[PDB]
Amino acid sequence: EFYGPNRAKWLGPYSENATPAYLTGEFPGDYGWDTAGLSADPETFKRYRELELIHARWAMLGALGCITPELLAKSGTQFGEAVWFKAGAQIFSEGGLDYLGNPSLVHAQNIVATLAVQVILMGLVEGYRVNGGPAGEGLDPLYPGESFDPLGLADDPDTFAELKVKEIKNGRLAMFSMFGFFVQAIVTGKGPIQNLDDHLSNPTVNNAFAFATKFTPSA
Amino acid sequence: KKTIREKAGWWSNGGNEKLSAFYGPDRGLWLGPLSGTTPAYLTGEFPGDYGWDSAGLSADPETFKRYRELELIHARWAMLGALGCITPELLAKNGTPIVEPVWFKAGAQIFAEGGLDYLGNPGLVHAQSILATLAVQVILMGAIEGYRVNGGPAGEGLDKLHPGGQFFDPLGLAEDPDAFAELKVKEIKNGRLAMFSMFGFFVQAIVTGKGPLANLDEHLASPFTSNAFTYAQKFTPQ
Amino acid sequence: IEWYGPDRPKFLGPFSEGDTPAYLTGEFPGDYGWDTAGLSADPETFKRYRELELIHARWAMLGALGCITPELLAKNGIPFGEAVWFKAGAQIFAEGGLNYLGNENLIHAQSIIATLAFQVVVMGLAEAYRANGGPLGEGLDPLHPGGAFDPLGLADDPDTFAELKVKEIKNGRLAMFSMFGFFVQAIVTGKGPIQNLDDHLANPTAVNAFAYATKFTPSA
Ligand code: CHL
Ligand code: CHL
Ligand code: CHL
Ligand code: CLA
Ligand SMILES: CC1=C[C@H](O)CC(C)(C)[C@H]1/C=C/C(C)=C/C=C/C(C)=C/C=C/C=C(C)/C=C/C=C(C)/C=C/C1=C(C)C[C@H](O)CC1(C)C
Ligand SMILES: CC1=C[C@H](O)CC(C)(C)[C@H]1/C=C/C(C)=C/C=C/C(C)=C/C=C/C=C(C)/C=C/C=C(C)/C=C/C1=C(C)C[C@H](O)CC1(C)C
Numbered sequence: 001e002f003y004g005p006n007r008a009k010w011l012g013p014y015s016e017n018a019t020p021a022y023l024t025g026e027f028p029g030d031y032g033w034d035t036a037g038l039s040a041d042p043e044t045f046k047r048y049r050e051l052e053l054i055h056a057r058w059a060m061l062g063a064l065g066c067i068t069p070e071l072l073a074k075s076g077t078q079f080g081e082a083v084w085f086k087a088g089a090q091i092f093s094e095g096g097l098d099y100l101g102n103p104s105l106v107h108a109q110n111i112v113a114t115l116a117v118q119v120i121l122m123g124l125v126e127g128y129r130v131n132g133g134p135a136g137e138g139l140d141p142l143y144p145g146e147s148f149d150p151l152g153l154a155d156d157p158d159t160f161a162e163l164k165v166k167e168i169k170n171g172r173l174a175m176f177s178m179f180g181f182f183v184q185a186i187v188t189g190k191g192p193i194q195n196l197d198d199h200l201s202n203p204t205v206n207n208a209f210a211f212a213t214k215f216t217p218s219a
Numbered sequence: 220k221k222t223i224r225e226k227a228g229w230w231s232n233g234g235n236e237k238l239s240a241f242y243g244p245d246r247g248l249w250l251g252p253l254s255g256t257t258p259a260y261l262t263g264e265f266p267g268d269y270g271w272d273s274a275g276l277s278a279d280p281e282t283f284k285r286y287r288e289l290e291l292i293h294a295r296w297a298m299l300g301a302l303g304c305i306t307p308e309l310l311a312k313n314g315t316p317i318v319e320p321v322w323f324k325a326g327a328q329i330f331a332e333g334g335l336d337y338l339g340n341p342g343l344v345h346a347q348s349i350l351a352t353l354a355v356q357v358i359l360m361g362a363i364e365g366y367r368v369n370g371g372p373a374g375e376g377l378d379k380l381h382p383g384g385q386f387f388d389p390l391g392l393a394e395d396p397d398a399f400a401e402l403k404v405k406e407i408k409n410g411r412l413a414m415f416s417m418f419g420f421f422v423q424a425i426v427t428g429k430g431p432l433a434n435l436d437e438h439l440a441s442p443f444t445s446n447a448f449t450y451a452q453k454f455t456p457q
Numbered sequence: 458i459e460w461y462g463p464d465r466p467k468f469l470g471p472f473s474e475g476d477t478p479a480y481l482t483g484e485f486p487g488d489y490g491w492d493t494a495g496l497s498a499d500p501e502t503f504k505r506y507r508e509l510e511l512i513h514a515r516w517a518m519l520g521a522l523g524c525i526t527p528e529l530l531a532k533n534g535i536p537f538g539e540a541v542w543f544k545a546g547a548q549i550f551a552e553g554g555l556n557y558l559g560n561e562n563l564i565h566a567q568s569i570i571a572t573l574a575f576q577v578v579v580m581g582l583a584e585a586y587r588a589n590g591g592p593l594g595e596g597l598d599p600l601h602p603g604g605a606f607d608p609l610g611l612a613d614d615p616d617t618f619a620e621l622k623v624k625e626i627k628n629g630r631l632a633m634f635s636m637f638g639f640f641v642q643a644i645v646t647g648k649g650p651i652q653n654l655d656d657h658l659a660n661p662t663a664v665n666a667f668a669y670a671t672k673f674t675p676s677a
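Protein chains in written order, with this note's numbering: chain Y, 1 to 219; chain H, 220 to 457; chain X, 458 to 677.
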């Protein structure tokens, strides 16, 4: 499974004609879901694959960077502001942005200098993604290797393709989780592990349907 | 090899490398030297080709020419907007009595007592009803925007984006081939700048609620306290 | 009127002869020549987009019906608690629950989880049979099956089947546009669209949309 014409598909047993003919099983996670036909052209398919994997890895990094201060708030370090949709306000505090609640570790003051250093590093490392650099030169722009794999888990090509489909499946689940974090931050106003604590406190009232009313206009 | 006055560009007759940096494969790109693989369909024969189709929406050439049309029309509309958003505020800071010179509250001027004074003057436009204004707008704009796609009284078989006949190039700036090809990429770069600035006008009106020239004065007075980050706490979900 | 071929009724009329796409011939129902955005250049994107348009159309038709017939039907008789459509989901949380005709002896719907779970389970196989296969037919036209969906059989002659297709897509595009209108004129008024209709019919000059134009201006 997971590659070829007899692979795992998005409808499963009901997925023998709805899958498009141009989604042949060579690329990872090709579950055959192009119901709007946007990746019919091969250049659109390649660019959307690049966008999907980069969005995937940014989403899983964002998922861990959002939930790990919540798990450490469960663990016991207070934080400048554990809540991820209130985490940017640590640099607006009086003590600044302490990293692990440690005032002698980051202690950031200027949000403008943080954005300047952030864009000066990120523009360089995002432009290095396109056309090689100190890490690589002319590799696969989605799977470079040889400088970002110090352990090098890409040795056997069958296990490499297995890790590819595992990565893209964890990535679709990660963008799913980050979209959930986005639309349950705005309707609840509490952190996501805190929403897990509400849903584990009473599972039948602390749902999305407790807050399913608040977005009516009402003049 | 080359003397000092040629490096400054004194002589505008021997400039043939002027279109070499905006057309052809040896042109400037979007990430500069950090953009190696230019998309193979963006060959640089069109104005504004910085090799940027990262989402890949313009791989097909028919979709690409429709997107070029949409880009130039949005560019000219946002250019007219970004000129027509700040100039009521500029003339209010001049001293011309425009009563609500911010662009995001100028539509509500027609619900006032005295209607819509144009330059703050009842001798001007003095339009009262929004209904007849929108009616003559949809009639005039239907006629004009329907003349746009398949021709009309100001040109029939001309180009759909650059007609340039006796009505849309009356001053005659685009008679020369190289001057027209240079002012095409000048037009689309000024239009992309004004599209970005109109998006900035939209987001600045949404999250601040003040004037864009008021935003410019509140950034000129305090740059480090009154940045975009002091309004970053305005959409916190409670 | 022809609705097919090169001389079809187009979306700009006289202004539609230079705009008209070369990939958009007089084949499919409702082709007024409107692809100014350029999103139907390759025919399988056009196939998925025609499928998307017809499914959105056939959903928005019943959406407009389920919008206005509670409000109109409450205007005639049969009173409800929350008769408007966009508070209609809140009747689950009522002390008497959502009822179909309002009377207490029909359904007694207090749970939102059971209804959502049941409709997800049945529409999984329903929309999966819509995608492909199914007991009512597998290899038919996926947009226009017929067979076990036509008890009356109005698709007999290809001419009346074609004109039924074009009036289907025209009623559906009207329903999608009007459902967009329902969506936006719910949120700018907070009041029902039939009640918006009586508010417009009471004062056409000053109880139109432009009375709610200064509503969405940002503060501070
Ligand atoms: C056999 C039954 C079966 C069916 C019917 C489906 C179909 C589905 N699979 Mg699935 N699969 C099935 C089995 C299997 N799948 C997979 C592998 C996968 C993968 C990898 C993926 C899927 C995904 C999906 C979903 C894609 C369609 C969609 O996005 O929903 C469209 C319909 C809705 C969203 C309706 C939602 C229900 C409800 C009405 C919502 C409530 C509405 C709100 C109240 C309205 C909002 C209000 C306002 C404010 C906006 C859908 C649930 C994809 C997915 O998860 O996307 C989300 C996906 O990535 N499947 C395997 C392994 C081989 C299966 C095994 O048999
Ligand atoms: C070599 C360095 C170099 C770098 C790093 C860039 C960078 C860029 N150029 Mg380029 N250029 C570079 C060289 C050159 N450019 C140009 C000429 C142009 C033009 C004409 C254009 C560009 C554009 C771009 C952008 C295209 C990608 C994009 O849209 O990012 C978008 C993503 C980001 C910028 C990152 C996101 C911002 C922020 C850091 C994170 C979010 C912060 C918030 C706090 C988040 C909170 C929000 C919440 C609420 C959701 C990108 C910023 C285009 C542009 O301006 O697009 C905007 C464009 O039109 N360049 C020339 C002349 C030939 C160059 C010569 O070397
Ligand atoms: C010859 C004159 C003629 C004119 C002017 C039009 C006009 C139009 N027809 Mg057409 N038609 C015409 C002939 C005919 N039409 C049709 C049958 C159809 C159909 C079936 C359809 C059209 C549609 C259209 C529209 C397509 C272009 C567009 O999207 O506008 C874009 C520009 C606008 C919409 C601007 C107008 C709105 C307003 C002035 C601006 C609103 C400003 C807001 C305050 C800003 C919003 C606030 C922000 C914050 C959100 C356009 C409005 C399509 C349509 O209805 O799309 C909606 C459509 O489906 N026509 C027939 C029968 C064969 C014709 C016969 O000659
Ligand atoms: C075709 C279906 C349809 C119908 C029957 C109506 C009917 C109505 N709408 Mg709805 N509306 C529709 C589509 C529709 N609209 C669409 C597609 C949109 C999205 C742009 C809206 C957005 C909208 C808002 C935001 C509001 C209304 C309101 C209203 C009511 C007053 C009319 C008004 O203010 O004009 C609004 C009309 C539009 C924005 C465009 C509708 C398209 C029409 C059919 C084309 C114009 C033809 C017209 C007769 C000639 C105008 C001449 C001149 C003024 C230009 C009225 C009951 C208002 C209300 O609730 O009143 C109390 C209100 O607040 N509507
Ligand atoms: C390139 C690329 C590439 C890759 O690959 C992909 C992607 C990313 C997708 C792409 C991108 C894209 C983009 C960026 C877009 C954007 C756009 C815009 C911003 C526009 C504006 C736009 C804008 C606009 C139109 C504007 C306009 C304006 C107007 C009309 C006017 C207005 C006005 C005025 C005068 C003032 C008064 O009081 C009123 C009003 C009326 C208000
Ligand atoms: C053509 C063209 C051309 C060129 O290309 C350009 C462009 C522009 C791109 C294009 C256009 C497009 C468009 C116009 C689109 C639109 C759409 C829509 C609006 C839809 C709606 C749509 C809409 C819809 C679906 C709706 C639906 C609904 C439903 C189902 C449901 C409903 C309901 C009911 C029953 C009742 C309850 O109590 C509530 C509810 C639940 C609510």
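Every residue gets a Cβ at the ideal spot worked out from N, C-alpha and C, and that includes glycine.
Any chain X beta carbon closer than 9 angstroms to residue i
| i | result |
| --- | --- |
| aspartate 279 of chain H | yes |
| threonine 77 of chain Y | no |
| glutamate 288 of chain H | yes |
Any non-hydrogen atom of ligand 3 closer than 8 angstroms to residue i Cβ
| i | result |
| --- | --- |
| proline 466 of chain X | yes |
| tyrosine 669 of chain X | no |
| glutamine 356 of chain H | yes |
| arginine 630 of chain X | yes |
| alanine 327 of chain H | no |
| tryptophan 460 of chain X | no |
Closer than 9 angstroms to chain H by CB, residue i
| i | result |
| --- | --- |
| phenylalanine 160 of chain Y | no |
| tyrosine 22 of chain Y | no |
| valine 117 of chain Y | no |
| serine 568 of chain X | no |
| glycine 127 of chain Y | yes |
| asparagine 665 of chain X | yes |
| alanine 670 of chain X | yes |
Any non-hydrogen atom of ligand 6 within 8 angstroms of residue i CB
| i | result |
| --- | --- |
| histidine 513 of chain X | yes |
Ligand 1 heavy atom lying under 8 angstroms from the CB of residue i
| i | result |
| --- | --- |
| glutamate 584 of chain X | yes |
| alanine 56 of chain Y | no |
| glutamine 576 of chain X | yes |
Check: residue i C-beta below 8 angstroms from any heavy atom of ligand 4
| i | result |
| --- | --- |
| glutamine 423 of chain H | no |
Chain Y contact for residue i (CB, 9 angstroms cutoff)
| i | result |
| --- | --- |
| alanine 547 of chain X | yes |
| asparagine 589 of chain X | yes |
| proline 244 of chain H | no |
| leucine 582 of chain X | yes |
| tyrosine 269 of chain H | no |
| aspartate 272 of chain H | yes |
Whole-angstrom distance between residue j and residue i, CA atom to CA atom
| i | j | result |
| --- | --- | --- |
| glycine 234 of chain H | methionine 414 of chain H | 30 angstroms |
| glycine 419 of chain H | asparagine 434 of chain H | 11 angstroms |
| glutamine 457 of chain H | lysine 214 of chain Y | 12 angstroms |
| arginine 515 of chain X | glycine 629 of chain X | 6 angstroms |
| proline 341 of chain H | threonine 315 of chain H | 13 angstroms |
Ligand 5 heavy atom lying under 8 angstroms from the CB of residue i
| i | result |
| --- | --- |
| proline 13 of chain Y | no |
### Message
Under 8 angstroms, CB to CB, which of the residues in the segment 423-436 of chain H have a partner in chain X?
### Response
Taking 8 angstroms as the Cβ-Cβ cut-off against chain X, the residues of the segment 423-436 of chain H that qualify are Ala424, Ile425, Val426, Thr427, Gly428, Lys429.
### Query
Using Cβ-Cβ distances below 8 angstroms, what residues of the segment 489-501 of chain X are close to chain H?
Flagged, chain order: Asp492, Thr493, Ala494, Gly495, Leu496, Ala498, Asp499.
### Task
Below 9 angstroms between beta carbons is the criterion; list the residues of the segment 464-480 of chain X that meet it against any residue of chain H, in chain order.
Cβ contacts with chain H: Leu469, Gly470, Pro471, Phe472, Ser473, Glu474, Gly475, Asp476, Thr477, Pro478, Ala479, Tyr480.
### Task
Please list the residues of the segment 188-209 of chain Y that have a C-beta atom closer than 7 angstroms to any C-beta atom in chain X, keeping them in chain order.
Hits within the stretch, in order: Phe209.
### Chain-ordered residues, beta carbon under 5 angstroms from a heavy atom of ligand 5
For ligand 5, the selected residues are H:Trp271, H:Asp272, H:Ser273, H:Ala274, H:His293, H:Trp296, H:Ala297, H:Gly300, H:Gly303, H:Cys304, H:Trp322, H:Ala325, H:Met414, H:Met417, H:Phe418.
### Proximal residues, the segment 320-348 of chain H versus chain X, C-beta separation under 9 angstroms
Contact annotation: in the segment 320-348 of chain H, residues whose CB is within less than 9 angstroms of a CB in chain X are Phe323, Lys324, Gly326, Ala327, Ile329, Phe330, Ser348.
### Query
Looking at chain Y, which residues of the segment 283-314 of chain H have a Cβ within less than 9 angstroms of any of its Cβ atoms?
Listed in chain order, the positions of the segment 283-314 of chain H with a beta carbon within less than 9 angstroms of a beta carbon of chain Y would be empty, since no residue qualifies.
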